[PDB]
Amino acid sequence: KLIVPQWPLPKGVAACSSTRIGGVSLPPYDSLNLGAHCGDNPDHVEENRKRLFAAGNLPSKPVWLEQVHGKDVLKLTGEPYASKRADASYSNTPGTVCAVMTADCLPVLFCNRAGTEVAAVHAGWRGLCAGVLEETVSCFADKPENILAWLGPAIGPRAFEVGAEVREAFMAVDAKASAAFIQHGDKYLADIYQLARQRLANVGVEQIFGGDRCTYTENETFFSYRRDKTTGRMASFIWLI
């Protein structure tokens, strides 16, 4: 089964986010593991990808990134790439699939109401803190007012334990980050949805959706790196039809 973002989806845009359900992989990758570098059977991963691309009605294969937990955006201008080293992608080309691979990190999908540009972001805390979302938004020709954002399944505020330094880093950029951390031993529990919403507001994006799942809690629906260590991967996808 496939998560369909609950937002006012514009006419020529289409989106989906995968779960752990309905694949072919064996534990600890059971069953719809999309990740090719976490030690799964390579023929199973290939099979899960095929089923998910069918289930999601993707028009072409996703442009998978070399995700490095940074803040760079690849503009999906053309099929042979000089380097896919990026944690976000941007497209204004019909049929081109933006894709981001996650199991705890925040997926964010963007599109404009006019339905002429899309973006997908893999926003781990470091990339989020350093401004991956602001950098993705800045790629859009449209104005932020016209931009929709969907917050995908990520590790939620009851499970995302971070060190004092992480909380420190977020407040160094934007002091109101403080409300997104709650003390918990020598650490804090952090609300990644709250932090993403703050960055998005600071940049003018007001139509924000999703943010109601937790990859760590919902173990029957999602892989979680923090929970499992060795485990599968989900992905979120957006494209212009």
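Numbering starts at 1 and runs along the sequence shown.
- Mean C-alpha B-factor is higher over 7 to 15 than over the other stretch, the pair under comparison being 7 to 15 and 214 to 222.
- When 96 to 104 is weighed against 125 to 133, 125 to 133 comes out higher, by mean CA B-factor as recorded in the entry.
- The top Cα temperature factor in the record, among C111, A164, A88, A154, falls on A164.
- Within the group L74, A159, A149, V118, the record's highest C-alpha temperature factor is found at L74.
- For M234, the recorded CA B-factor ranks within the lowest third of the chain. Only modelled residues enter the ranking.
- The entry lists a Cα temperature factor for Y188 that places it in the highest third of the chain's modelled residues.
- The deposited CA B-factor of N41 belongs to the middle third of values across its chain.
- In this PDB entry, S60 carries a Cα temperature factor that places it within the middle third of its chain's modelled residues.
- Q207: CA B factor in the highest third of modelled residues in this chain (values from the PDB entry).
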